[PDB]
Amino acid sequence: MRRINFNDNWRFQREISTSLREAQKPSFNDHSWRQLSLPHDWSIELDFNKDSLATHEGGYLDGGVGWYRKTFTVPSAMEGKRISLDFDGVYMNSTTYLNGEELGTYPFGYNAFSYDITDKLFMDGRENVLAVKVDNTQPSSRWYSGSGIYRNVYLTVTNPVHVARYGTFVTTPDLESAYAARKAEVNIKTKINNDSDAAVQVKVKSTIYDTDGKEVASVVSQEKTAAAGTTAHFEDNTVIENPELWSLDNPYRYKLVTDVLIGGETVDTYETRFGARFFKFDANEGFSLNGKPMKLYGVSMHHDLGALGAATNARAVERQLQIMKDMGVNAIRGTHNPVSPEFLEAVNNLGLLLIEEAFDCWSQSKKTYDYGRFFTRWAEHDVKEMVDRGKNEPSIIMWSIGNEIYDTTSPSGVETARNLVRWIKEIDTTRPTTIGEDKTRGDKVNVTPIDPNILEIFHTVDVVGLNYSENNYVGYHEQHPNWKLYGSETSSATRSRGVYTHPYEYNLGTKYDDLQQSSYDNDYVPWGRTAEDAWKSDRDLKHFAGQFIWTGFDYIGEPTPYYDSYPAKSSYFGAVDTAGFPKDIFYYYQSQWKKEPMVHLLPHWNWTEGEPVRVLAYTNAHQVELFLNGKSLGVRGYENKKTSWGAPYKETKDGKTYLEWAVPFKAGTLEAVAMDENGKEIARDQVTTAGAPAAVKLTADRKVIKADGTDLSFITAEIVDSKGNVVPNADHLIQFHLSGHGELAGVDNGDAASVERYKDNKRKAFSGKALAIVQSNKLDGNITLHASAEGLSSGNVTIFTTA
């Protein structure tokens, strides 16, 4: 194989009481060290520590120094091959050693890096010792980073003359024009490294295959010299007749196979997946993909996977992005760092657009040990690494040079901005540059005069991202009629799943004794807005390309507004909780963003007889009729309204994007019947009063998973009454017992204020529910999960694994 999985047979230890500096030496004794496979996040395995140097910001989980070692032999069948050690990502400030010699140091925690080890390996089946020091001295992060080799590790094995790392660049110049003539013109730029000790003459064959693997185009380059130790550059054009475009509904990808030819002999082969798609940000019309106008329905996403921590997992990140697509999302912002290759694969396969963001700081640090201290020497390397990694990915539409960068008020920030945009454009000119900027917010009411340095930075990027700055959406468009504006960061409303507090009070950045936030879209940070208010400001403007809400998913750390308020340790900003369980606001976004008729009632229906409950319906239906125990409580209706250019939306005469009743509580069944303008029923939702807790009910999202050692089944554990209604406030401790061909990868409940372990075999329900994550091993067969709780009836589910 050209790329080998190098995840297995590692040893790990944290540096605690005594120095591990000796662990670089091959001879060091690691026989007592823990044995594990990568990927690995050592922080997520630890108990929460209220005294952690990570503070609340990093979720009260310790980092510090840790060491990985791997002792291995090289097969005879690899002599005279080029071998690189490839890390997808190590958080952070790592130093790698082979056979006691330093290969290098890599500061940045969120990029891949590679070391050529061809001339450093012992090839004779003698023992090689690889040592990685990971230095996450804290505080380094405004959110939960994780610590360690949290992404995949590979060997790349090639002949001395080979396609370079990221050695292909497949583009579709003027695709709109070509597509109107029933083709895609495909431009292919190929880099060939000659790592041999002698010049060669080289040709490149480029063959394009469709998803079925039928050849659809091919082209052979001219012959070119590649001197010893140099790169030859090739550029070839070809045509796909009647191309299949990559789109949100049809995320179709072709495969380029590159053959490296020396004297008619193939010495290397290399595959590149790519898609044919065009898009445009328009200063007056907003965004379009392949000529289809649309708003960016976007979310921000951090890199953690909840109970998995930072340790990457293809199924887990795919599940996150499936849930976002189900909310009606079409676009993601990789806040605030390059995403994993598993994340890229998910947006490519699911049909989601992606803004890739390089930096959370430039030179000026946000946290003592963040990247700021490395930026002036490493920025050019890290920004080009992001662009070079991703340039063939159809999902990526924009490169962000930074988020909320303090430097952008200084002449130093202007020179940096110009450098970053120039370095990006040396790698790729086919996607706009952007920035996420918060320092124009001002008083939140009046159009803010732009700082002169920020203004020159807004002229330097191709597309201007505003953070929390609704007061400028119109004024900046009128003052700067060639600007392409979108909301790079919006709302930051805070909410807890199944919590319905201060129903008629709209509070800014307010803490409560419950350590929760309300799901009546009525808690939000002082710089932010309600979900509704951030959306209305966007909805009403054609020129405004769309927005990226803070956030899609909850993440570990930043428990705002509970600053330094242990055990508040993870976020409230997500539409969906860390366990992948939707909050009520998930249904508000469905109601604004999706066409398929839906209706969603809140709150739950376990109250006290007589109490006037605030009842909301999130719906995209014209009207809803509410029923209590089969009797009508009244119709509520929207007006069918039109934006200033005639885009239709539903809103009440009072400006609300939701429907509302005040209901004197009576136990039983509350039902919402959603109807069109003609009174025809198009959707229904109900909530029932739950009785005493009686059972634990298990539901697997997938009952059949692959026996590959990494695939996952996500098991919901609910507390139900004797009729199987979920008990909306239940908090019972669930004890999980797994048997069979699997292990429990983690447990969670989405409770921001829990300091229960993620890496454990028990978890309290939170608002009725907990999660168990089951992982397969390499042997096929059966997994059984048993869930018990004191005084209730147990739950059981079987997972089947196929090989």
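A residue's number is simply how far along the shown sequence it sits, counting from 1.
- Look at the mean CA B-factor for 75 to 83 and for 460 to 468 in the entry; the higher one is 75 to 83.
- When the C-alpha B-factors of 296 to 304 and 282 to 290 are averaged, 282 to 290 comes out higher.
- Looking at 751, 41, 30, 62, the one whose CA carries the top B-factor in the deposited record is 30.
- For the set 125, 309, 582, 390, the PDB entry assigns the largest Cα B-factor to 125.
- When the CA B factors of the chain's modelled residues are split into thirds, the value for residue 135 lands in the lowest one.
- Sort the chain's modelled residues by C-alpha temperature factor and residue 169 lands in the middle third, per the entry.
- When all modelled residues of the chain are sorted by CA temperature factor, residue 144 is found within the lowest third.
- Residue 721: CA B factor in the middle third of modelled residues in this chain (values from the PDB entry).
- Annotation for residue 55: CA B-factor lies in the lowest third of the chain's modelled residues.
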